[PDB]
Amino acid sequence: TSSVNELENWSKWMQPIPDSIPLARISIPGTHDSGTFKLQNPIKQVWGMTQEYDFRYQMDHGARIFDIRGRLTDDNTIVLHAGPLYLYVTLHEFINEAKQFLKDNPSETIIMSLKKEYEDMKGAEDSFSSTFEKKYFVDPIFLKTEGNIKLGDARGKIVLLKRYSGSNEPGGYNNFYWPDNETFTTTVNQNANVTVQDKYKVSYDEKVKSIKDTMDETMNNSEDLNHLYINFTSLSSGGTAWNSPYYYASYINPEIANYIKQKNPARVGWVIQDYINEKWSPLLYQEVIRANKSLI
């Protein structure tokens, strides 16, 4: 008993997908720079703000991947940053919002990308990777198994995507070489391959063209269960209302939403977008979620 109807519930949309499907096969929405939603100062906004609603809102609109950027403080906690900007959000804060969401919707999983976003503060006693793994990761809410992670094992857990070096604890997707401002393909673990389009800081026209190109490769490779396709629709700021990430997102999100509607693909990858909201139609995350219809 599973139906495409259940894909319309953005809060439980992973429920009808068979537990045996690998997460990499599933088309999943994500948020880029997920924790920038408390910024108010206007200069901070045009340069660094990428979301306007809190974590629970993002999850309730179907996002399951979260781009968590951390900094180690002098009291040995990890807080959220966007470049050099403090975000007034802590790492525990996000995990607790994830915990609450997973308790309310135990059919779902949360994929958390963690990256070290800025140099450690001098007063800290340990390294970023060690602090994160000893004080946050050993928590049982994080799934500790590896391989080509299946949804069934991830339900009710947080699945870590390591974008930091130094890991000593198994679990999640291993760190891998992530060249700056490129589209690239490498290995995740033995037997799993990954393709990432992260051309931030590129002309608008090259950005849209790279989103579509990499989605095309996902589309035409829909039944390769081992290959991760990660597609950042976000674009870095130019410093003004004419090129902030808000301006760009107000055009790219519906542009890419139409592209999916138009192509009715069986797979579109892990689409990480700025400003998930209800302002621009068609809704990108909605079209990404519906692209899983063929899995039911």
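Start at 1 and count along the sequence shown; that's the residue number.
With 47-55 and 238-246 compared on mean CA B-factor from the PDB entry, the stretch scoring higher is 238-246.
Mean CA B-factor, 211-219 versus 140-148: the higher value falls on 211-219. Ranking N76, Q190, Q100, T109 by Cα temperature factor from the entry places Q190 first.
You'll see in the entry that, of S129, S203, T185, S113, the Cα B factor peaks at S203. Remark: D33 belongs to the middle third of its chain, ranked by C-alpha B-factor as recorded.
Among all modelled residues in this chain, the alpha-carbon of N292 has a temperature factor (C-alpha) in the lowest third. Ranked by C-alpha B-factor against the other modelled residues of its chain, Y177 falls in the highest third.
Sort the chain's modelled residues by C-alpha temperature factor and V196 lands in the middle third, per the entry. Sorting the modelled residues of the chain by their CA temperature factor places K135 in the middle third.
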